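Letter by letter, the sequence shown follows residues 369 to 802 in the working numbering.
From the three backbone atoms N, C-alpha and C, an ideal C-beta is built for every residue, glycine too.
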Amino acid sequence: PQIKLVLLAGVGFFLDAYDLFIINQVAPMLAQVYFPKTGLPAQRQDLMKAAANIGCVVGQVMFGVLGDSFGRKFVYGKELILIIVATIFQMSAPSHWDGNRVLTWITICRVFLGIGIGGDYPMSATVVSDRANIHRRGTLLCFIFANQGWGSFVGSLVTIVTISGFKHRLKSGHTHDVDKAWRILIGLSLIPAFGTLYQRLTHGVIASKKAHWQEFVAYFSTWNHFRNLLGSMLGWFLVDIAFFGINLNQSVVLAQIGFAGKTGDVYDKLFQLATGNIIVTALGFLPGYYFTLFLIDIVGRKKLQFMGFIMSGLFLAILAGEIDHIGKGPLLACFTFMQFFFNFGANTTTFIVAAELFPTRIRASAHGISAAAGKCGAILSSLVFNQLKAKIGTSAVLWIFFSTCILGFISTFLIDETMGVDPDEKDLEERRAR
Numbered sequence: 369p370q371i372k373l374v375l376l377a378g379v380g381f382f383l384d385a386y387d388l389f390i391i392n393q394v395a396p397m398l399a400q401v402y403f404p405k406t407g408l409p410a411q412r413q414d415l416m417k418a419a420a421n422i423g424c425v426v427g428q429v430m431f432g433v434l435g436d437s438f439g440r441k442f443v444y445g446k447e448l449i450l451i452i453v454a455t456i457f458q459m460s461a462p463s464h465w466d467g468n469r470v471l472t473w474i475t476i477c478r479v480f481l482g483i484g485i486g487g488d489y490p491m492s493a494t495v496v497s498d499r500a501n502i503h504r505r506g507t508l509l510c511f512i513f514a515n516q517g518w519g520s521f522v523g524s525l526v527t528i529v530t531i532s533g534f535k536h537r538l539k540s541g542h543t544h545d546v547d548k549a550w551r552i553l554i555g556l557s558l559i560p561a562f563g564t565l566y567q568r569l570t571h572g573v574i575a576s577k578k579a580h581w582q583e584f585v586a587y588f589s590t591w592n593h594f595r596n597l598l599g600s601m602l603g604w605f606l607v608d609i610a611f612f613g614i615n616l617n618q619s620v621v622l623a624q625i626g627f628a629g630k631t632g633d634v635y636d637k638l639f640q641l642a643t644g645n646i647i648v649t650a651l652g653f654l655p656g657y658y659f660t661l662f663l664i665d666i667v668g669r670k671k672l673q674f675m676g677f678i679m680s681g682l683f684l685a686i687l688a689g690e691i692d693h694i695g696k697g698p699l700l701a702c703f704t705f706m707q708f709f710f711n712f713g714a715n716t717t718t719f720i721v722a723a724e725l726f727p728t729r730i731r732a733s734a735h736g737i738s739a740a741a742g743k744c745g746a747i748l749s750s751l752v753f754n755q756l757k758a759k760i761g762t763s764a765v766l767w768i769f770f771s772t773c774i775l776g777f778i779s780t781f782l783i784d785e786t787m788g789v790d791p792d793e794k795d796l797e798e799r800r801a802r
């Protein structure tokens with residue numbers, strides 16, 4: 369009855385999160401094929417990874433305007449087939465082109481892939497909070513956001529099982545078949561995608577649009593009402609810098625650690641790297657959502673956001689100051705703890721807070737702005753991560769993600785705690801006094 373709605377959101381949020389972080393495990397496969405000596409060129413790699421995040425905001429704009437003036441009934445499944453088509457053209461990049469052309473071929477696909485991802489955001493937010501107007505809504509939201517861990521986890525689980533299947537003999541001799549591997553990692557998202565389709569299947573516009581804008585400006589022209597937007601935009605902007613800047617390039621960081629290898633065949637190289645991703649995502653990235661799941665409505669959003677920023681920042685400082693002076697062991701845990709504390713702290717909080725602060729009359733614009741700000745932080749680091757790594761050093765970049773944590777720690781002060789607070793009644797009692 370009511371449950372079948374939120375599960376679909378989790379599926380759509382498992383799907384786009386999957387496709388989003390899969391690149392982190394496909395990029396090493398493309399290198400071994402089309403760039404074995406010199407690794408993936410920095411700029412060419414970064415654009416491909418930021419593509420889906422760049423496409424993710426233009427999809428919000430495009431599907432946002434086509435939601436006001438209807439081209440389809442809430443444009444449902446339209447976003448889903450666009451990511452499917454984009455997903456297909458990725459894997460079907462013909463095997464005999466050049467290396468660089470295939471890369472540029474994939475980036476374009478991920479942009480349109482992102483466009484579909486931006487259309488699913490108004491689903492996850494609005495279907496729960498405003499329809500329910502009930503306490504402890506956040507516990508329901510975090511369950512959907514937990515699918516982000518499954519997307520990155522299943523992507524890691526699918527990878528190790530796929531590589532182990534090819535390793536039985538085929539890797540000992542046939543090395544180009546890794547070209548098939550990355551095509552399968554992208555392709556397996558079609559089976560749930562087709563299941564979703566199977567579930568989907570089974571005049572005064574400007575005058576009315578500019579009317580709610582005057583109301584929006586009047587609301588957020590008040591200090592107490594204005595500061596709440598900053599915290600939502602800032603925190604989300606800063607996490608997605610380090611969150612996506614790392615998770616989209618998580619395999620690259622693991623390569624800086626002893627996880628690289630320097631010995632073994634091509635299979636051992638791929639399996640160890642896939643072994644690292646599955647460990648970090650199972651021990652930190654994913655459970656941080658479920659730790660968040662059991663405590664947001666007990667401890668509070670801001671309180672976890674502080675910890676998320678301050679702890680992930682703490683370990684980010686240990687990494688940078690000791691990445692070039694300490695072995696595989698200590699550096700691994702601080703990295704997993706960091707990923708643990710992103711989703712256990714600010715990464716999940718920034719998403720939930722943006723929907724719990726604002727009255728329903730303006731929640732649509734604010735959540736879209738804050739999310740877009742988060743995507744900008746996602747695309748910034750994603751677009752520039754690997755480039756700086758060669759120009760400035762990996763430690764220096766980690767000190768940057770450290771500062772974004774402190775700023776997010778500081779920025780969290782601007783937020784009102786939303787535990788048990790109905791934002792609608794908040795507006796009423798305020799308007800009564802005046």
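1) Assess, as a yes-or-no matter, whether the stretch 628-642 is touched by the stretch 754-773 under the definition of 3 or more beta carbon pairs within less than 8 Å.
2) Output the boundary residues of the alpha helix (DSSP H) element that contains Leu748.
3) My guess is that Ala714 and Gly599 are in contact by the Cβ rule of under 8 Å, so how many angstroms apart are they, rounded?
4) How is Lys630 classed by DSSP in three states: helix, strand or coil?
5) For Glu785, does the three-state DSSP call read helix, strand or coil?
6) Helix, strand or coil: how does DSSP classify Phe588 here?
7) Can you tell me whether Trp518 is buried or exposed, with buried defined as 16 or more other CB within 10 angstroms of its CB?
8) In whole angstroms, what separates the C-alpha of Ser589 from that of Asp414?
9) Which of helix, strand or coil does DSSP assign to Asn392?
10) For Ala732 and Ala722, what's the separation of their Cα atoms in angstroms?
11) Just the C-alpha distance for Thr530 and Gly644, rounded to the nearest angstrom, thanks.
12) Is it buried or exposed, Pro791, if we count other Cβ atoms within 10 angstroms and call 16 or more buried?
13) Within this structure, are the beta carbons of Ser557 and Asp436 separated by less than 8 Å?
14) List the whole-angstrom C-beta distance separating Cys424 from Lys743, where the pair is believed to meet the contact cut-off of C-beta under 8 Å.
15) Applying the 10 Å Cβ sphere with the 16-neighbour rule, what's the burial state of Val752?
16) Mapping the DSSP letters down to three states, classify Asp692 as helix, strand or coil.
17) Could you compute how far the alpha carbon of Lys441 sits from the alpha carbon of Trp550?
18) Please go through the same chain and pick out, in chain order, the residues whose beta-carbon is closer than 6 Å to the beta-carbon of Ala420, but skip the five residues on each side of it.
19) Which two residues bound the contiguous alpha helix (DSSP H) that contains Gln624?
20) Thinking just about the alpha-carbon of each residue, which of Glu447, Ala493, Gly427, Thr406 is nearest to the one in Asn468?
21) Which of helix, strand or coil does DSSP assign to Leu663?
22) Quick one, which of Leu622, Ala801, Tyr566 has its alpha-carbon nearest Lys637's?
23) Three or more C-beta pairs closer than 8 Å, one from the stretch 668-688 and one from the stretch 779-797: is that the case here?
24) Secondary structure at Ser463, three-state DSSP: helix, strand or coil?
25) From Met459 to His503, what does the alpha carbon distance come to, in whole angstroms?
26) Determine the burial state of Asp608: buried for a count of at least 16 other Cβ atoms within 10 Å of its Cβ, exposed for fewer.
27) Three-state secondary structure (DSSP) at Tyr444?
28) Skipping 5 residues on each side, what residues in its chain have a beta carbon closer than 7 Å to that of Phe431?
29) Would you mind stating whether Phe703 and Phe777 have Cβ atoms separated by less than 8 Å?
30) Skipping 5 residues on each side, what residues in its chain have a beta carbon closer than 7 Å to that of residue 364?
31) Once you ignore the five residues that flank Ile747 on each side, which residues in its own chain have a CB closer than 6 Å to its CB?
32) Would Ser619 and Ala377 be called neighbours here (beta carbons separated by less than 8 Å)?
33) If you draw a straight line from the C-alpha of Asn392 to the C-alpha of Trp473, how long is it?
34) Short of 7 Å in beta carbon distance, which residues of its chain neighbour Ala514, apart from the five on each side in sequence? Order them along the chain.
35) Buried or exposed for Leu373, going by 16 or more other Cβ atoms inside 10 Å?
In short:
1) no
2) 731-759
3) Between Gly599 and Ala714 the Cβ distance is about 11 Å, and since that is not below 8 Å, they are no contact.
4) coil
5) coil
6) coil
7) buried
8) 38 Å
9) helix
10) 10 Å
11) 15 Å
12) buried
13) no
14) 5 Å
15) buried
16) coil
17) 35 Å
18) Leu388, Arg478, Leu481, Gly482
19) 618-624
20) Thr406
21) coil
22) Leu622
23) yes
24) coil
25) 44 Å
26) buried
27) coil
28) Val443, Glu447, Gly486, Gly487
29) no
30) The question about residue 364 has no answer, for the chain in this structure spans 369 to 802.
31) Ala418, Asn421, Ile422
32) no
33) 17 Å
34) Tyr657, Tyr658, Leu661
35) exposed
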